[PDB]
Participant: 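Quick one: structure below, then a few questions.
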2 protein chains.
Amino acid sequence: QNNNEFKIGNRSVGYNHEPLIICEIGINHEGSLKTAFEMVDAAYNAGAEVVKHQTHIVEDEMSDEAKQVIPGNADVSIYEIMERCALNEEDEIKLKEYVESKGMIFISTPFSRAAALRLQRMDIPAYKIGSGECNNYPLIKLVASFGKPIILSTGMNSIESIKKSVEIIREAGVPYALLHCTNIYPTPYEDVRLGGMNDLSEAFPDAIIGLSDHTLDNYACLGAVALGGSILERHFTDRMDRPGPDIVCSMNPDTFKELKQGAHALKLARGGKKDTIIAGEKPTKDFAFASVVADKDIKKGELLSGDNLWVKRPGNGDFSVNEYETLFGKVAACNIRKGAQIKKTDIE
Amino acid sequence: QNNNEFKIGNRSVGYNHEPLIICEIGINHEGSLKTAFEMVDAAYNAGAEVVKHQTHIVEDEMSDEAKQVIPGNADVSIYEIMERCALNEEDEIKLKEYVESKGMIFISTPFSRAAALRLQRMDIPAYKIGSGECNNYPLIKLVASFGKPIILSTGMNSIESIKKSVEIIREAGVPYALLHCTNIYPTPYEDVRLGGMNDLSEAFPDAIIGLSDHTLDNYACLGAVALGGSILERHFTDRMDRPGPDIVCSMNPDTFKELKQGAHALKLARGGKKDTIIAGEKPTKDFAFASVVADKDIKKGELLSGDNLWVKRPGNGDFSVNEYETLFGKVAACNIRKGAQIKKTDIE
Ligand SMILES: CC(=O)N[C@@H]([C@@H](O)[C@H](O)[C@H](O)CO)[C@@H](O)C/C(=N\O)C(=O)O
Ligand SMILES: CC(=O)N[C@@H]([C@@H](O)[C@H](O)[C@H](O)CO)[C@@H](O)C/C(=N\O)C(=O)O
């Protein structure tokens, strides 16, 4: 498919690498550092490599108008949700320390210029840009100036609109990933459009490609791996009974493990070429391919035809089924027994 | 991807249709009609649509040489295995009746001219050609002359060698499917090469494409569906404790159900285009996209710049983040409050 790659800290990502699953804790902690640690514990214990946060600074993120608009997966204003769920700077730094104390990589999504500057102070190794900000070219400009790789979600945006984001990113000189995304919580299977991934890699041949997902299970992400996806993002919770607008579409430890196992299998199985000769098939070819045999007794001096020849397993005959018709007209050099393989010495 | 389609009895197959899972009972019954019925029962009860048999007539299938060659997944000769497992004509007809008495479609793979003629007498609705016979052009010629659709496995064969089979098939005028296949029992993930499927559809634009699989689980088949596969073939047993060389890589009722559910999800999610506008995302765009706001108090008559402007959620401002730079140089038509959205009436 391609050889694009970059590193997130010590983790290589790309088509030739192991798919990377991002455990998006997001606002799932509902503003409680204690709940956030219980979720980081759950991710570590499940074998997680990366925990992603969301960095919400409500005042720099939203004008007063946001106190009057309700998201699709809630019944109160987006401002109220973020005020309730937002971790302040001190707590978020505690979160990063904790994630790295568990040997995992901490990254986050900034929703504001100020959140972007807070993450730079923390020196995070890579930046996620959510689909809501994929057309926020001033924010992308700022983040790209930090000099770290960017993982850009591309939901709600056209290839044309994404080109503008990618130009900014290329200008800064940082490697980037494009995640295909549908921003409905949860997302119906029929809206996922995994082909969107090929559209993206075709439009932007230097991007690492993956999927951010909000369906109820792992199937979309597994198909993304089969298609060449290198990064998989789902929401993550320690248990499904938690409250929160994103919980519904989250992995838990069990389904994270399933996805990790499925992704590993599909990383190995995907790609390659039809014509590749697999040494392991050799014993099968030898017994299963057919060879040319006499279909009747043939007297010395008789002509071989489609009437006294046929083809039978196994494949070790002097003449393969591929040469069947080349024996028509040959002269029987001796008596040929019905059912015997045609030998080179059976014809003049 | 494409609109190729044909019918197997009353079942449409093709990219625009529900993926079809073929429950390959094969030689799993070990020659016992009783065991074969217990497996047909298990398939029906799991929701199976198709049961595939193998039609073995040892004498027309193999010359005496087959009594000296051992398959990869056994330790006795291929002739011994088939002698032990082969159902005679009377029993195989009982098998077909039974499968159809359960409302399922019966098809089979012939390994010989005589088996092909036996299946024509039974008037089966479609023919499977196993990879061992994909280069048996005389057998393909015979089967194609029956006038039913053909599902051709293509393991162990090059695109070039398959062209010869497909030419024969086109000549007869029957629609066909090509199943990508690796004939190692079981098959390692790393040998599956799901890309082989795209190679096939590219070489043969009129073929229905699918996967015949011999890995230990469902992941290969799920990736095949994400790639556009229309037919999925695995071996099938009622329970994993049975004896037989193909049991190891078979579905049972539980894993058949998982694959059926995964295939349905991936049929809905696959394909499509990145730029498609999903009505369900509309509430997210409205709250998540940014609008241009004042970044400081701006006095009437002052110029708007990148220094007194910024962008914040939500998206209902007079000026979107896409028009941010078009406001530079505009003249403040009144005093503008820090944090207020820029209104059309705020500029001269
Ligand atoms: C549109 C948006 O901002 N959606 C984020 C989500 O948590 C929502 O805030 C909750 O649904 C609020 O109800 C998240 O999906 C964005 C993202 N990538 O798309 C990232 O966090 O990188
Ligand atoms: C090479 C071959 O003949 N393989 C068949 C398999 O059952 C073997 O007989 C057992 O492994 C014997 O040990 C089967 O895979 C072929 C097929 N499509 O490939 C079909 O039946 O249509």
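In what follows, chains are A, B, ... by sequence order, proteins preceding strands, each numbered from 1. In what follows, every heavy atom counts, from backbone to side chain, and hydrogens, waters and symmetry copies are set aside. When a ligand or atom number is given, it counts from 1 through the structure's own listing order.
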Participant: Counting N and O atoms only, with roles assigned by atom type, does the side chain of B/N183 sit under 3.5 Å from a partner on the main chain of B/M156, one being a donor and the other an acceptor?
Facilitator: no
Participant: What atoms in ligand 2 come closer than 4.0 Å to a heavy atom of B/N73?
Facilitator: 11 (O), 13 (O)
Participant: Any idea which part of A/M82 is under 4.0 Å from ligand 1, heavy-atom wise: side chain, backbone, both or neither?
Facilitator: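 Answer for A/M82: side chain.
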Participant: Against heavy atoms of A/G130, which atoms of ligand 1 measure under 4.0 Å?
Facilitator: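 Here the atoms of ligand 1 in question are 17 (C), 18 (N), 19 (O), 20 (C), 22 (O).
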Participant: In terms of atom number and element, which parts of ligand 1 are under 4.0 angstrom from non-hydrogen atoms of A/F111?
Facilitator: 3 (O), 21 (O)
Participant: I'd like to check which ligand 1 atoms, numbered from 1 as shown, lie under 4.0 Å from a non-hydrogen atom of B/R313.
Facilitator: 2 (C), 3 (O)
Participant: Need the ligand 2 atom indices (1-based, order shown) with element for anything under 4.0 Å from a heavy-atom of B/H235.
Facilitator: 7 (O)
Participant: Would you say A/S153's side chain and A/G155's backbone share a donor-acceptor pair under 3.5 angstrom?
Facilitator: no
Participant: What atoms of ligand 1 come closer than 4.0 angstrom to any heavy atom of B/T284?
Facilitator: 1 (C)
Participant: Would you mind running through ligand 2 and noting each atom that sits below 4.0 Å from a heavy atom of A/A288?
Facilitator: 1 (C)
Participant: May I ask you to say whether B/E65 pairs ionically with A/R313, meaning some side-chain N is under 4.0 Å from a carboxylate O?
Facilitator: no
Participant: Taking the side chain from A/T237 and the backbone from A/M240, do they hold a donor-acceptor pair closer than 3.5 Å?
Facilitator: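 Not at all, since once roles are kept as given, no pair shorter than 3.5 Å links the two residues.
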Participant: Return yes when A/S131 approaches ligand 1 closer than 4.0 angstrom through a heavy atom, no otherwise.
Facilitator: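 A heavy atom of A/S131 does come that close to ligand 1.
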Participant: Do NZ/NE/NH1/NH2 and the carboxylate oxygens of A/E83 and A/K67 come within less than 4.0 Å?
Facilitator: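 Answer for the salt bridge query: no.
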Participant: Under the criterion side-chain hydrogen bond (donor to acceptor under 3.5 Å, both in side chains), which of A/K128, A/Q54, A/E24, A/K52 is the partner of A/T109?
Facilitator: A/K52
Participant: For atom 18 (N) of ligand 1, which of A/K128, B/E281, A/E24, A/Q54 has the closest heavy atom?
Facilitator: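 When every heavy atom of A/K128, B/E281, A/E24, A/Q54 is considered, A/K128 comes closest to atom 18 (N) of ligand 1.
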Participant: Could you list the atoms of ligand 1 found under 4.0 angstrom from a heavy atom of A/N183?
Facilitator: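 Within the 4.0 Å cut-off of A/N183, ligand 1 contributes 19 (O).
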Participant: Starting from the C-alpha separation in whole Å, work towards a yes-or-no answer on side-chain contact (heavy atoms from CB on, under 4.5 Å) for A/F289 and B/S131.
Facilitator: CA-CA 9 Å; A/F289 290 4; B/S131 307; over 6 Å; no
Participant: Would you please classify the geometry between the A/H235 ring and the A/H214 ring as parallel, tilted or perpendicular, with 30° and 60° separating the classes?
Facilitator: tilted
Participant: Are any of the heavy atoms in A/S153 under 4.0 Å away from ligand 1?
Facilitator: yes
Participant: If the cut-off is 4.0 Å to any non-hydrogen atom of B/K52, which atoms of ligand 2 fall inside it?
Facilitator: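 Reading through ligand 2 atom by atom, the close ones are 20 (C), 21 (O), 22 (O).
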Participant: Determine the interplanar angle of the B/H53 and B/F106 rings, folded into 0 to 90°, and report it as parallel if under 30°, tilted if 30 to 60°, perpendicular if over 60°.
Facilitator: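 Because their plane-to-plane angle lies in the 30° to 60° range, the rings of B/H53 and B/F106 count as tilted.
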Participant: Distance under 4.0 Å to a non-hydrogen atom of B/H214: what atoms of ligand 2 satisfy this?
Facilitator: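 Heavy-atom distances to B/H214 below 4.0 Å select 15 (O).
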Participant: Heavy-atom contacts with A/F287 under 4.0 Å: which atoms of ligand 2 show up? List them by number with element.
Facilitator: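 It comes down to these atoms of ligand 2: 1 (C).
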Participant: Pick, from A/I70, A/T109, A/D246, the option with the minimum heavy-atom distance to atom 20 (C) of ligand 1.
Facilitator: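 The option holding the nearest heavy atom is A/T109.
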Participant: Spell out, as yes or no, whether a donor-acceptor pair under 3.5 Å connects the side chain of B/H56 to the backbone of B/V58.
Facilitator: no
Participant: Atom 15 (O) of ligand 2: which protein heavy atom is closest, and how many Å away?
Facilitator: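 That would be B/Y185 OH, 2.6 Å.
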Participant: Before you tell me yes or no, could you show the steps for B/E92 and B/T55 under side chain to side chain donor-acceptor pair (under 3.5 Å), namely the whole-Å CA-CA distance, both residues' side-chain angles and the distance that decides it to 0.1 Å?
Facilitator: CA-CA 8 Å; B/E92 177 158 25; B/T55 301; 2.5 Å; yes
Participant: Using heavy atoms and a 4.0 Å limit, tell me yes or no: is A/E133 in contact with ligand 1?
Facilitator: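 It does not; every heavy atom stays at 4.0 Å or beyond.
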